[PDB]
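As structure tokens, one chain now follows by itself in the form deposited in one PDB entry.
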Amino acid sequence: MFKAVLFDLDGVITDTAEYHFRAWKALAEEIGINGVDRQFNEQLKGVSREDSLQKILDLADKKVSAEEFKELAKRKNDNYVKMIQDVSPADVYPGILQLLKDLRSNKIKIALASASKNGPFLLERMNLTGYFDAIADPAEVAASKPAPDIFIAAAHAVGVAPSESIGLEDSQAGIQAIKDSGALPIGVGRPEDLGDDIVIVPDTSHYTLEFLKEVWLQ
């Protein structure tokens, strides 16, 4: 049986993927780049703060100074951090709190595999910190999503092999990172966005311990 579940945060635990999209789109438009729509944003889900800004600049074949790049990333983060101040336990996605409780009752380890430097603050806002056996620090890994490093680090932090873990993700980059770690991915979203080659569920109510067992067994 699987021995750990490795959680993405934004778009899996709560609706902060929407917040990141709105913030990046506002930033892009301030600098005169209008291509950041929902379809383009599928390429930004899972990707780090600096990598996201670079993808937006590259979309428009735009170059900025190193000083301006740093300011833009900070500006977006400052806006996003203001956006999330009122996040609360009421914003936890359907199924997620009960899943965490059921995993702990069954002695299955729980680790955060998020790229977000705002992850710890968000888990505290949602009264979820006490469910987590480890939080992988994204500043410590040498490579970010779609590289598998963050999922590998999360598994190691709870003493479990990636091959005996399930990863939960809403992003193209993150699904690839789970695949390359050795863990089993279960995606949440549209197969049109996430692929027809892994198990995908339409919303997080589907993330029950019963279903995770169903998928693991086959």
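Residue numbers here begin at 1 and follow the sequence given. Think of the rigid core as the biggest set of C-alphas that the two forms share within 1.5 Å after superposition.
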Comparing 176 to 184 with 58 to 66, the higher average Cα temperature factor in the PDB entry belongs to 58 to 66
Of 20 to 28 vs 190 to 198, the stretch with the larger average CA B-factor in the entry is 190 to 198
Note to self: of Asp37, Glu169, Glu42, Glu50, the C-alpha temperature factor tops out at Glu50
Among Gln85, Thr129, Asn79, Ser144, the highest C-alpha B-factor in the PDB entry belongs to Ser144
Assert third(CA B-factor, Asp102) within chain per record equals lowest
On the chain's distribution of Cα B-factors, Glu71 falls within the third called middle
The third of the chain into which the C-alpha temperature factor of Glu140 falls is the highest
Of the three thirds of Cα B-factor ranks in this chain, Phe211 occupies the lowest
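One more form of this protein exists, namely the form deposited in another entry; it is left out here, but the text below deals with it.
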Original post:
For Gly46, is the CA shift between the shown form and the other one at least 2 Å following rigid-core superposition?
Top reply: yes
Once the core is aligned, does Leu72 move its Cα by at least 2 Å between the shown form and the other one? yes
